[PDB]
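Listed in order, the protein sequences are those of chains A, B, C and D. Numbering-wise, the first sequence is residues 225 to 231, 240 to 300 according to UniProt numbering. Numbering-wise, the second sequence is residues 3 to 98, 117 to 190 according to UniProt numbering. Numbering-wise, the third sequence is residues 197 to 294 according to UniProt numbering. Numbering-wise, the fourth sequence is residues 1871 to 2422 according to UniProt numbering. What follows is a short report on a single structure.
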Amino acid sequence: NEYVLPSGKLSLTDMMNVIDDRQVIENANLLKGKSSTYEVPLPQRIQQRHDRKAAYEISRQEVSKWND
Amino acid sequence: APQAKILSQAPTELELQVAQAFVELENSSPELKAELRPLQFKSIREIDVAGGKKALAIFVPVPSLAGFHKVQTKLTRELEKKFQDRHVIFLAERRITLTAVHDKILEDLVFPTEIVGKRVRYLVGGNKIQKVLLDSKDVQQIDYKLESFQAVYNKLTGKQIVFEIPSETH
Amino acid sequence: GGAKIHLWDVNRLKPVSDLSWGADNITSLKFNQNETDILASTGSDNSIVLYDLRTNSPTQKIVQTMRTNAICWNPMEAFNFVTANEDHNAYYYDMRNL
Amino acid sequence: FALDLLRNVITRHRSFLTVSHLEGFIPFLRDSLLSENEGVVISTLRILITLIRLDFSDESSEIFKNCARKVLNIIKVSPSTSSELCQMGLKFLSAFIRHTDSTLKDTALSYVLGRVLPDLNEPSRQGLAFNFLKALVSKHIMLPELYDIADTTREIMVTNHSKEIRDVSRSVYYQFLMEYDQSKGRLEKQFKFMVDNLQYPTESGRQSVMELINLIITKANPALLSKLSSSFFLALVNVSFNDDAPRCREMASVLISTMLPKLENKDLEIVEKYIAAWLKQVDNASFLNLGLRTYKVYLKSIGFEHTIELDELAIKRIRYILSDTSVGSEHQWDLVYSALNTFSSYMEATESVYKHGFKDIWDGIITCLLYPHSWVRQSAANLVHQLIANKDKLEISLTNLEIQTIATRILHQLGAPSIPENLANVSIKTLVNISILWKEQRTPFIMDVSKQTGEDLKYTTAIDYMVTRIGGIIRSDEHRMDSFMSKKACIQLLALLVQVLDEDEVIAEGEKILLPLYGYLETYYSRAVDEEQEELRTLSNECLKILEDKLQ
């Protein structure tokens, strides 16, 4: 089967560039992007730890107002 | 044969997939094939972990569990690639001395990391905090595994026990 | 405080939120006097944990050699607090650098 | 007791239950909601859920709003969502906002959403929270954070391990995209989101995104589809080429084949131009193989010869593969198998197999049979089976020397150690057909002038030569375990050839057939007999019975 057959991987960007017409690349606007795919989710403890580090930076920036 | 690799008389879908992964590993490595030819797994069960995750607990007879303890690292390194984002852990069936059974289950879960200690804190009002202090040889990958260990142990033994590494503040 | 730290409201008969850092009990609490959304708490695991209510989260944790008994915030400096300790000492702390 | 009696009465008799009778019982329910007894409140909530599902009047709706407010207070008091009282309050509020036009305060609905937000991940708690969310979506109440709720549901879609939770999140996300108005930039971000998550580390997440995009393709308007469908086709071709999961690749092929007829003429023309581009870029073998697979999929979807230029380019690529398809060719074995599959599809869809160019394609198929790859050999065997029937309908029939060479290739495939069961059965059927043709034409054994064995021919007839080759392949035991299925298929083909051939020819080839048969027959009461050896002995006994039926 074709699915059973192995890929020589070809990039989607490589296929879009090998497409000769620039009008096709312009029409495929959804293909062009900043690669907004999700990462695999972290363990919950690690994600909470990152969120708490972010909250720490926000709290320090809020409280450094009183320094003056 | 996946049915030959699985010690269970009736394979399941996940059991058949795991046995196919075992056969792929055996085809890849002949020494691992020589190790896995006597080795067989009796059962598989899939345990829920908070955050939507689910982990695999594979239940193996005792002298074959010794073989998986000998060959754990390559096998789990292959299974983490084969089965995606799912922690796979090998345990034996310990039919229920319940304290000793639960301690053996604990050691099998935390394998190959040592148990530095066990503690129970009695609070005012009758609350108990039960903690297990693990070894810090390989700290980074234990940190992801701690809530998985806690969920699997709570599901299998019915006891909730916090897991922590005393070397690193968390 | 207690087994878990809970943020309550006087208009609600049950806790508004649970702010606990992990499965450890919490012995004492203190709200900041100036930056009133900051909280600090002491645990029996030799820990001082800060909390911020704008993010509704436990901000940071420090672990010392012995258990801290009480906390007081500076009335005049929003980012300093003193902790009583079992060390036979008290420690003066800046929140930004623990 | 009264609540249980009422529950039994309505749950037992439906015709006896009327709207007018229970209107007196509703105030007793709103009075029993304040009871401290949890069983009383739960039974009251069951009856109240049933009465909301039933139709009522305006005063009863006002009492239902009172019950909704009391249930909301119960939800506030209950500390965990795992509690049965909190669960039944959630069921009550979901049924309330489903079947009553009256709505609570938006702050109250936001509070209930905030409580049931963590439950969307855990399988034990997900169903009731998703029931509440689906009820809110279906009633289309507008809340500020429902967009973030939709983002959470699409995260659950992609990343959750549970199939049921993925499916329900898919339903909620689809309903939010179809119904709730959004910015054009937000919609384009959502579509680019789907296209990006097509390339995801988790195969289950990829498959869930593929089911979502399948629903998009099915229920989408074609005008809105095509602008998305360009990037959709590109990304789906990328998945069908580069995904590690064969099930995901097959689903990508199925989704592309489903999207192709619904696509507009301009989109189909753009896809055909892209197919021509990958087919023309023949510098990279995998690139050309992907182009050929896309061309075959497009042909199977839209129909044969919709684009004559694209069909001619694909046929030219297949002819190039046939020209370089011998052993040691630069083309990949997988590419050769894909070209053989495309040629088989073209021969099925077209009557062009009768042409002399497709005779050269059949010569390339013979070269592909000589090729050592088993899949390519099986594809060439299937093509030979098609060309056996198509040869009489062809403009130029296959020669006797060509049939002898095909039989020699089949004998080489049988003598090969590793062979598929289907390929072995096909080779046996092809040998039987060749023996029948040789018996009908009375064709003798043919030896090439260029390649001379230097000795007299062992068998006078071509069918006798094929039978002798099958017997020799069965008697050969260099790899007994690997060639056991080949020997069983050769025994079946020998029985078929003994049935097909004339009695004098059967009498002549009986010694050669029995010589491989006597090898298993000589071993009697063996201490350690193999199962494959016993099966071969049984097949040899059946062949000997057929031979004894043919000749006395």
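Even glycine gets a Cβ: it sits at the ideal position worked out from N, Cα and C.
For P1988/D, there is no enclosing alpha helix (DSSP H), since its DSSP letter is neither H nor E. Distances from the alpha-carbon of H89/B to those of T269/A, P275/A and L229/A put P275/A closest.
If you draw a straight line from the Cα of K2150/D to the Cα of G2341/D, it comes to about 48 Å. Close partners of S2100/D in chain A (Cβ separation under 9 Å): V256, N259, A260, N261, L262 and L263. If you check each beta-carbon in the segment 1940-1969 of chain D against every beta-carbon of chain C, the ones closer than 7 Å belong to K1946, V1947 and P1949. For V228/A, there are no C-beta contacts with chain B under 9 Å, since the nearest C-beta of that chain is about 14 Å from it. Within 7 Å of the CB of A274/C, the CB atoms of chain A belong to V295 and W298, in sequence order along the chain. At a cut-off of 7 Å, the C-beta of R277/A has a neighbouring C-beta in chain B. Along the segment 205-233 of chain C, the positions whose C-beta sits under 9 Å from a C-beta of chain B are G218, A219, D220 and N221, read in chain order. The Cβ neighbour count for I2231/D, taken over all protein chains shown within 10 Å, is at least 16; the residue is labelled buried. In the three-state DSSP reduction, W298/A falls in the helix class (H, G or I).
In this structure the segment 2361-2370 of chain D touches the segment 2293-2305 of chain D; the number of beta carbon pairs closer than 8 Å is three or more.
Between the alpha carbons of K2054/D and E2034/D lies a gap of roughly 30 Å. Collapsing the DSSP output to three states places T133/B in coil. When 9 Å is used as the limit between beta carbons, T2072/D is near these residues of chain B: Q86 and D87, in chain order. One finds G54 in chain B with Cβ atoms closer than 8 Å to the Cβ of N2030/D, taken in chain order. Residue pairing of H202/C in beta bridges, as defined by DSSP: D214/C. Of the candidates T2313/D, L1873/D, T1888/D and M2351/D, the residue whose Cα lies closest to the Cα of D1901/D is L1873/D. By the neighbour-count criterion, in which 16 or more other beta carbons inside 10 Å mark a residue as buried, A236/C falls on the buried side.
In terms of CA proximity to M2217/D, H2255/D leads the group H2255/D, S2196/D, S2199/D and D2204/D. Proximity of chain B to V272/A at the Cβ level (cut-off 9 Å) is accounted for by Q86 and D87, in chain order. Within the same chain, Cβ atoms closer than 6 Å to the Cβ of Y2070/D are found at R2076, the five residues on either side in sequence being excluded.
Within the segment 2079-2154 of chain D, the complete alpha helix (DSSP H) runs of at least 4 residues fall at 2092-2112, 2116-2132 and 2135-2150. Remark: three or more beta-carbon pairs, one from each stretch, lie closer than 8 Å, so the segment 15-26 of chain B and the segment 37-56 of chain B are flagged as touching. Only those residues of the segment 250-267 of chain C whose C-beta falls short of 9 Å from the nearest C-beta of chain B are listed: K257, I258 and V259.
Its chain contains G197, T238, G239 and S240 as the residues whose beta carbon lies nearer than 7 Å to that of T223/C, once the 5 sequence neighbours on both sides are disregarded; these appear in chain order. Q150/B is the residue among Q19/B, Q150/B, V159/B and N29/B whose C-alpha sits nearest the C-alpha of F183/B. Bridge pairing for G239/C: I222/C [DSSP].
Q1996/D is classed as buried because its beta carbon has at least 16 other beta carbons within 10 Å across all chains shown. Under the three-state reduction of DSSP, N1907/D is assigned to coil, being neither helix nor strand. By the rule that beta-carbons nearer than 7 Å mark a contact, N174/B does not touch chain C. The C-beta distance from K210/C to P1949/D rounds to 6 Å, short enough to meet the 8 Å contact threshold. Remark: fewer than three beta-carbon pairs, one from each stretch, lie closer than 8 Å, so the segment 2169-2178 of chain D and the segment 2186-2197 of chain D are not flagged as touching. For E2418/D, the enclosing alpha helix (DSSP H) has its first and last residue at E2401 to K2420. Of the candidates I1917/D, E1893/D and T2072/D, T2072/D places its Cα closest to the Cα of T269/A. As DSSP reads the structure, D290/C sits in a beta bridge with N276/C.
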